[PDB]
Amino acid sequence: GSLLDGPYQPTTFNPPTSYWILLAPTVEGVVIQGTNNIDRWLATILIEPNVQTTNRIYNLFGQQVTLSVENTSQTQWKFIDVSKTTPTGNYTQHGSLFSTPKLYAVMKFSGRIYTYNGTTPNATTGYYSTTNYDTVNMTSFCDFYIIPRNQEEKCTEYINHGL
């Protein structure tokens, strides 16, 4: 397709602004992480269906981090954005996406990091204001595609219905 660049392999990269990174994860764990090394350490974790409240250890920026997670859905996987604002602080959970297609997306735009939230097939976007956002390197731990912001409606379609 001429709309979607990829797939590309798990890697560390500094994406251009105004491009969605469409992520295609497999198993539960850390999907993608990125930081500005100032006041924003961001990551997205993935929870399989049917997970009772439990502590799980995630490797975030080379560190074992214990987070209290759950997924009450029996059919949908759960993407959760995690954020800490100081090097020595705690991660809080934001902007969950309950997903049937198991796809996620992230984008750098207007001094923010955008992601998807809600429940498929009616997902919407959300964002996190990020200092010096151009320095933000990301490490994807799964295969990904690239889609221009101009084609955001198609990205939303993929989030909601799959490829």
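Each residue number is its position in the shown sequence, starting from 1.
> Which wins on mean Cα temperature factor, 134-142 or 24-32?
Replying inline: In the deposited entry, the stretch with the higher C-alpha B-factor mean is 134-142.
> For the C-alpha atoms alone, is the average B factor greater in 59-67 or in 42-50, going by the entry?
Replying inline: Higher of the two, by average CA B-factor, is 59-67.
>> Considering every modelled residue of the chain and its Cα B-factor in the PDB entry, is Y127 in the lowest, middle or highest third?
In response: Middle third.
> Can you tell me which third, lowest, middle or highest, the CA B-factor of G95 falls into for its chain?
Replying inline: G95: CA B-factor falls in the lowest third of its chain.
>> What third of the chain does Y116 rank in for C-alpha temperature factor, lowest, middle or highest?
In response: It falls in the middle third of the chain.
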